[PDB]
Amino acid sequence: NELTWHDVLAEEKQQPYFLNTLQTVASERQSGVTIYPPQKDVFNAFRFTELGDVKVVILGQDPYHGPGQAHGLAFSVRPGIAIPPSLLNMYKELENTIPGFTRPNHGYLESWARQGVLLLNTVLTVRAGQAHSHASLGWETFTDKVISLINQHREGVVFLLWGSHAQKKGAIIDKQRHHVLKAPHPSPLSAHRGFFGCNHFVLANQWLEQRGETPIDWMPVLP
């Protein structure tokens, strides 16, 4: 689509739960609480992947909660940061399934986003060191609305729903209009229960080619 986030989120920006979330996060930053990612990065998934360009949606939960790590994309870390263990498991699955994929020397996934992979955490900020610390704000309400708008306004998006939380988040999606694939989370805590072998990266590309669209090149590139 020519559709943009601005076309469908302009009124959502004015909703009380959204305004209260931004105001709470801002007040915490002001009071000296370190919150990740930085304010300028919080909406980078939307900056890098416009609504009409979404081809694949991969949900996460929280941003990484250590210094310099999160930058507004699920799974990805800034250049120079050690590869997170869940992303390492994604790289292992990729190297086992995509012809010519080789282990990257970084974890920075902007180049996935620029190809139409929406790397959406369901909660968009976190206090330093403290997983789920911003879960009680309105981010899940916001990202529920984002998923509902992709479901409504697009056709044929691939959703890769990894783990229980992401699968529940995607329970609404129309499974005839879109292509929903489920597996365990790639975290070491669960990957051996079926993430390895899920073949989701190949399956997403097979769908895209059956739709007459270009596949994702899953090898990430440094800027």
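Throughout, we count residues from 1 along the sequence that is shown.
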Point to revise | Higher-scoring stretch by recorded Cα B factor average, 46 to 54 or 29 to 37 | key: 29 to 37
Revision key, fill the gap. Of 119 to 127 and 132 to 140, the stretch with the higher mean C-alpha B-factor in the deposited entry is 132 to 140
Practice item. Select one of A70, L181, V157, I173: the residue whose C-alpha shows the highest B-factor in the crystal structure entry. Key: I173
**Study point:** Given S111, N105, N89, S76, the residue at which the Cα B factor reaches its maximum
**Key:** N105
Exercise for review: Place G80 in the lowest, middle or highest third of its chain's C-alpha B-factors, as listed in the PDB entry.
Suggested key: highest
Practice item. Please place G60 in the lowest, middle or highest third of its chain by C-alpha B factor as given in the entry. Key: lowest
Practice item. Sort the modelled residues of this chain by their C-alpha B factor and say whether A204 lands in the lowest, middle or highest third. Key: lowest
Practice item. Consider only the C-alpha atoms of the modelled residues in this chain, order them by B-factor as the entry records it, and name the third containing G194: lowest, middle or highest. Key: highest
